[PDB]
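The file input31.txt comes next; it holds compact mmCIF, C-alpha atoms and all ligand atoms.
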```
# COMPACT_ATOMS: atom_id res chain seq x y z
CA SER H 42 100.35 107.94 96.87
CA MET H 43 103.92 108.17 98.15
CA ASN H 44 105.80 106.00 100.60
CA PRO H 45 107.66 107.62 103.48
CA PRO H 46 111.36 107.13 103.83
CA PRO H 47 112.14 103.87 105.64
CA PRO H 48 113.28 103.83 109.26
CA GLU H 49 116.98 104.55 109.67
CA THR H 50 119.38 101.64 110.01
CA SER H 51 122.58 103.66 110.58
CA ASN H 52 123.22 106.67 112.79
CA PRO H 53 126.88 107.39 113.58
CA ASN H 54 126.04 109.69 116.49
CA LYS H 55 123.70 107.17 118.16
CA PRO H 56 125.63 105.19 120.77
CA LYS H 57 125.66 101.49 120.07
CA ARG H 58 126.97 98.17 121.37
CA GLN H 59 127.09 94.53 120.78
CA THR H 60 125.84 92.54 123.76
CA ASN H 61 125.31 88.79 124.09
CA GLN H 62 121.56 89.50 124.23
CA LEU H 63 121.70 91.47 120.97
CA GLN H 64 123.68 88.62 119.39
CA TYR H 65 120.90 86.23 120.49
CA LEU H 66 118.28 88.54 119.01
CA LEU H 67 120.05 88.22 115.65
CA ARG H 68 121.21 84.59 115.65
CA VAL H 69 118.11 83.06 117.26
CA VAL H 70 115.19 85.47 117.23
CA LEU H 71 115.46 87.28 113.89
CA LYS H 72 116.78 84.17 112.12
CA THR H 73 113.86 82.05 113.39
CA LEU H 74 111.19 84.54 112.36
CA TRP H 75 112.79 85.39 109.03
CA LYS H 76 112.67 81.80 107.73
CA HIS H 77 109.06 81.23 108.73
CA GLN H 78 106.50 80.55 105.98
CA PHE H 79 104.53 83.62 107.09
CA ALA H 80 107.53 86.00 107.29
CA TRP H 81 107.32 87.39 103.76
CA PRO H 82 104.93 90.33 104.38
CA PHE H 83 107.19 91.45 107.26
CA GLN H 84 110.60 91.26 105.55
CA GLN H 85 110.54 94.84 104.18
CA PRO H 86 108.73 98.14 104.76
CA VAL H 87 105.11 98.27 103.67
CA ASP H 88 104.90 99.54 100.05
CA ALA H 89 101.61 101.36 100.39
CA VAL H 90 101.79 102.64 96.83
CA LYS H 91 101.94 99.18 95.25
CA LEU H 92 99.30 97.91 97.68
CA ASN H 93 97.12 100.94 96.91
CA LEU H 94 96.67 101.66 100.61
CA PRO H 95 97.11 105.45 100.88
CA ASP H 96 95.70 105.34 104.41
CA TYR H 97 98.38 102.95 105.76
CA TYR H 98 100.88 105.67 106.73
CA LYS H 99 98.03 107.86 108.01
CA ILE H 100 97.24 105.17 110.58
CA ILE H 101 100.72 103.74 111.19
CA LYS H 102 103.01 106.56 112.29
CA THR H 103 105.76 104.31 113.69
CA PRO H 104 106.41 101.79 110.88
CA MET H 105 108.65 98.82 111.49
CA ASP H 106 109.54 95.63 109.68
CA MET H 107 112.06 92.81 109.95
CA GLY H 108 114.13 94.07 107.00
CA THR H 109 114.83 97.15 109.05
CA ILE H 110 115.46 95.11 112.19
CA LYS H 111 117.83 92.80 110.32
CA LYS H 112 119.85 95.73 109.03
CA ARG H 113 119.87 97.37 112.48
CA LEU H 114 121.21 94.16 114.03
CA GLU H 115 123.75 93.65 111.24
CA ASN H 116 124.96 97.23 111.79
CA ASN H 117 124.95 96.87 115.59
CA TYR H 118 122.62 99.91 115.63
CA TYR H 119 121.15 99.22 119.04
CA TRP H 120 122.39 99.98 122.53
CA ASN H 121 120.43 97.21 124.23
CA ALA H 122 118.11 94.28 123.73
CA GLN H 123 115.04 96.24 124.89
CA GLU H 124 115.38 98.63 121.93
CA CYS H 125 115.31 95.72 119.48
CA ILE H 126 112.48 93.93 121.26
CA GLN H 127 110.53 97.18 121.05
CA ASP H 128 111.01 97.18 117.26
CA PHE H 129 109.54 93.67 116.96
CA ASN H 130 106.63 94.66 119.17
CA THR H 131 106.01 97.80 117.10
CA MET H 132 105.89 95.65 113.99
CA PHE H 133 103.32 93.26 115.45
CA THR H 134 101.22 96.03 116.99
CA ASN H 135 101.12 97.98 113.72
CA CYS H 136 99.67 94.87 112.03
CA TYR H 137 96.99 94.53 114.72
CA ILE H 138 96.13 98.25 114.63
CA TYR H 139 95.74 98.50 110.89
CA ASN H 140 94.09 95.22 109.92
CA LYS H 141 90.68 93.76 110.54
CA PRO H 142 90.70 91.37 113.48
CA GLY H 143 90.95 87.75 112.31
CA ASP H 144 92.29 88.56 108.83
CA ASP H 145 94.97 86.28 107.40
CA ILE H 146 97.69 88.95 107.81
CA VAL H 147 96.89 89.07 111.54
CA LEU H 148 97.15 85.26 111.79
CA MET H 149 100.55 85.57 110.11
CA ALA H 150 101.75 88.17 112.64
CA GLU H 151 100.40 86.07 115.50
CA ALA H 152 102.36 83.02 114.33
CA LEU H 153 105.56 85.05 114.21
CA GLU H 154 104.82 86.71 117.54
CA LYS H 155 104.25 83.35 119.30
CA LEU H 156 107.73 82.25 118.20
CA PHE H 157 109.18 85.63 119.15
CA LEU H 158 107.80 85.26 122.68
CA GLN H 159 109.07 81.71 122.97
CA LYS H 160 112.57 82.82 122.00
CA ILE H 161 112.82 85.95 124.14
CA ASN H 162 111.67 83.81 127.09
CA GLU H 163 115.21 82.39 126.89
CA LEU H 164 117.06 85.66 126.37
CA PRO H 165 120.41 85.06 128.07
CA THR H 166 121.47 87.04 131.12
CA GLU H 167 123.77 89.87 130.06
CA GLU H 168 127.53 89.23 129.66
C1 LIG H 201 99.77 96.77 104.69
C2 LIG H 201 98.63 96.01 105.40
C3 LIG H 201 98.96 94.52 105.69
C4 LIG H 201 100.12 94.50 106.63
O1 LIG H 201 99.92 94.81 107.83
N1 LIG H 201 101.35 94.18 106.19
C5 LIG H 201 102.49 94.14 107.11
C6 LIG H 201 101.52 93.82 104.87
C7 LIG H 201 102.81 93.71 104.34
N2 LIG H 201 103.02 93.32 103.08
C8 LIG H 201 102.00 92.99 102.26
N3 LIG H 201 102.27 92.57 100.98
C9 LIG H 201 101.21 91.90 100.27
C10 LIG H 201 103.56 92.33 100.54
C11 LIG H 201 104.27 91.22 101.01
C12 LIG H 201 105.57 90.97 100.57
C13 LIG H 201 106.19 91.82 99.63
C14 LIG H 201 107.51 91.53 99.17
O2 LIG H 201 107.92 90.32 99.15
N4 LIG H 201 108.28 92.49 98.60
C15 LIG H 201 109.56 92.19 98.06
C16 LIG H 201 110.47 93.45 98.07
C17 LIG H 201 111.80 93.15 97.34
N5 LIG H 201 111.61 92.55 95.98
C18 LIG H 201 112.92 92.29 95.31
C19 LIG H 201 110.72 91.34 95.95
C20 LIG H 201 109.36 91.66 96.61
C21 LIG H 201 105.46 92.92 99.14
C22 LIG H 201 104.16 93.19 99.59
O3 LIG H 201 103.41 94.26 99.14
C23 LIG H 201 103.97 95.22 98.19
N6 LIG H 201 100.74 93.07 102.77
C24 LIG H 201 100.43 93.51 104.03
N7 LIG H 201 99.14 93.62 104.54
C25 LIG H 201 97.95 93.31 103.77
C26 LIG H 201 97.86 91.80 103.43
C27 LIG H 201 97.03 91.71 102.13
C28 LIG H 201 96.66 93.16 101.74
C29 LIG H 201 97.69 94.04 102.43
```
Could you write out this file's structure as structure tokens?
Amino acid sequence: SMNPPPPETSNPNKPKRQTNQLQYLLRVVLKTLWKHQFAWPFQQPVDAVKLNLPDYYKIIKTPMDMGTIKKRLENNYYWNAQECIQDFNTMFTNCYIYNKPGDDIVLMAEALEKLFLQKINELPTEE
């Protein structure tokens, strides 16, 4: 009946960097997934109130979405590429945990995840 606050995208006391891998995660990985025809459900936090899914944030205790990831990358919120990759994987996994296997939303996440894996396969060596 209420949404939780979204994940943070700024934290001044959290150490952060820009690395060439993090730049790749923004310029190649996020950009590729964001433009995809099936990106739209993943471009912002789940609005469980509008969807009338009061159980969503009972099941999903570590929400993540590409809106959040985009803002984190734009703010250079991360220390390393692994932290950002973890956020994408959390997003996909949440979708697979909550939804019925085979449902259209799962097919959408799978399409995005296939591209994600293809891009991080070519993550550049650091520096
Ligand atoms: C929650 C479980 C499951 C899931 O795992 N995810 C991730 C999921 C996410 N979103 C949606 N839906 C439909 C949305 C899609 C897009 C938007 C969107 O565009 N919002 C924009 C925000 C900014 N404004 C200016 C314009 C509108 C909104 C959404 O819902 C309110 N459905 C999802 N499903 C399922 C798929 C079908 C039944 C629920």
Residues of stretch 52-76 of chain H at most 12 Å from stretch 125-135 of chain H: nearest atom pair and distance in Å, only C-alpha atoms, as JSON lines:
```
{"residue": "H:57", "atom": "CA", "partner": "H:125", "partner_atom": "CA", "distance": 11.9}
{"residue": "H:59", "atom": "CA", "partner": "H:125", "partner_atom": "CA", "distance": 11.9}
{"residue": "H:60", "atom": "CA", "partner": "H:125", "partner_atom": "CA", "distance": 11.8}
{"residue": "H:62", "atom": "CA", "partner": "H:125", "partner_atom": "CA", "distance": 10.0}
{"residue": "H:63", "atom": "CA", "partner": "H:125", "partner_atom": "CA", "distance": 7.8}
{"residue": "H:64", "atom": "CA", "partner": "H:125", "partner_atom": "CA", "distance": 11.0}
{"residue": "H:65", "atom": "CA", "partner": "H:125", "partner_atom": "CA", "distance": 11.1}
{"residue": "H:66", "atom": "CA", "partner": "H:125", "partner_atom": "CA", "distance": 7.8}
{"residue": "H:67", "atom": "CA", "partner": "H:125", "partner_atom": "CA", "distance": 9.7}
{"residue": "H:70", "atom": "CA", "partner": "H:126", "partner_atom": "CA", "distance": 9.8}
{"residue": "H:71", "atom": "CA", "partner": "H:129", "partner_atom": "CA", "distance": 9.2}
{"residue": "H:74", "atom": "CA", "partner": "H:129", "partner_atom": "CA", "distance": 10.4}
{"residue": "H:75", "atom": "CA", "partner": "H:129", "partner_atom": "CA", "distance": 11.9}
```
Test item: residues no farther than 10 Å from ligand LIG 201 (chain H), counting all atoms listed in the file, as an MDAnalysis selection string: chainID H and resid 79:98 101 104:106 108 132:141 144:147 149:150
Could you save those same residues with C-alpha atoms as a PDB file, in the coordinates of the input?
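File written: selection-v8.pdb
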```pdb
ATOM      1  CA  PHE H  79     104.530  83.620 107.090  1.00  0.00           C
ATOM      2  CA  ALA H  80     107.530  86.000 107.290  1.00  0.00           C
ATOM      3  CA  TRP H  81     107.320  87.390 103.760  1.00  0.00           C
ATOM      4  CA  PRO H  82     104.930  90.330 104.380  1.00  0.00           C
ATOM      5  CA  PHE H  83     107.190  91.450 107.260  1.00  0.00           C
ATOM      6  CA  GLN H  84     110.600  91.260 105.550  1.00  0.00           C
ATOM      7  CA  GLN H  85     110.540  94.840 104.180  1.00  0.00           C
ATOM      8  CA  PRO H  86     108.730  98.140 104.760  1.00  0.00           C
ATOM      9  CA  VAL H  87     105.110  98.270 103.670  1.00  0.00           C
ATOM     10  CA  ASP H  88     104.900  99.540 100.050  1.00  0.00           C
ATOM     11  CA  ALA H  89     101.610 101.360 100.390  1.00  0.00           C
ATOM     12  CA  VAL H  90     101.790 102.640  96.830  1.00  0.00           C
ATOM     13  CA  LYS H  91     101.940  99.180  95.250  1.00  0.00           C
ATOM     14  CA  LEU H  92      99.300  97.910  97.680  1.00  0.00           C
ATOM     15  CA  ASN H  93      97.120 100.940  96.910  1.00  0.00           C
ATOM     16  CA  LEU H  94      96.670 101.660 100.610  1.00  0.00           C
ATOM     17  CA  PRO H  95      97.110 105.450 100.880  1.00  0.00           C
ATOM     18  CA  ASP H  96      95.700 105.340 104.410  1.00  0.00           C
ATOM     19  CA  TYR H  97      98.380 102.950 105.760  1.00  0.00           C
ATOM     20  CA  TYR H  98     100.880 105.670 106.730  1.00  0.00           C
ATOM     21  CA  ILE H 101     100.720 103.740 111.190  1.00  0.00           C
ATOM     22  CA  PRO H 104     106.410 101.790 110.880  1.00  0.00           C
ATOM     23  CA  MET H 105     108.650  98.820 111.490  1.00  0.00           C
ATOM     24  CA  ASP H 106     109.540  95.630 109.680  1.00  0.00           C
ATOM     25  CA  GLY H 108     114.130  94.070 107.000  1.00  0.00           C
ATOM     26  CA  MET H 132     105.890  95.650 113.990  1.00  0.00           C
ATOM     27  CA  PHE H 133     103.320  93.260 115.450  1.00  0.00           C
ATOM     28  CA  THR H 134     101.220  96.030 116.990  1.00  0.00           C
ATOM     29  CA  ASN H 135     101.120  97.980 113.720  1.00  0.00           C
ATOM     30  CA  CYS H 136      99.670  94.870 112.030  1.00  0.00           C
ATOM     31  CA  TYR H 137      96.990  94.530 114.720  1.00  0.00           C
ATOM     32  CA  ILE H 138      96.130  98.250 114.630  1.00  0.00           C
ATOM     33  CA  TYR H 139      95.740  98.500 110.890  1.00  0.00           C
ATOM     34  CA  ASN H 140      94.090  95.220 109.920  1.00  0.00           C
ATOM     35  CA  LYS H 141      90.680  93.760 110.540  1.00  0.00           C
ATOM     36  CA  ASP H 144      92.290  88.560 108.830  1.00  0.00           C
ATOM     37  CA  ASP H 145      94.970  86.280 107.400  1.00  0.00           C
ATOM     38  CA  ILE H 146      97.690  88.950 107.810  1.00  0.00           C
ATOM     39  CA  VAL H 147      96.890  89.070 111.540  1.00  0.00           C
ATOM     40  CA  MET H 149     100.550  85.570 110.110  1.00  0.00           C
ATOM     41  CA  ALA H 150     101.750  88.170 112.640  1.00  0.00           C
TER      42      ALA H 150
END
```
d(atom CA of residue H:51, atom CA of residue H:160) in Å: 25.8 Å
Interatomic distance, atom CA of residue H:161 to atom CA of residue H:124 (Å, one decimal):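 Answer for the atom CA of residue H:161 to atom CA of residue H:124 separation: 13.1 Å.
Our summary of the geometry notes that atom CA of residue H:120 is positioned 13.9 Å from atom CA of residue H:168.
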Minimum-distance residue to residue H:157, chosen among H:73, H:42, H:52, H:61 (using only C-alpha atoms):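 Comparing H:73, H:42, H:52, H:61 against residue H:157, the winner is H:73.
You can rank H:109, H:119, H:151, H:77 by their closest distance to residue H:54 using only C-alpha atoms, and at the top of that list sits H:119.
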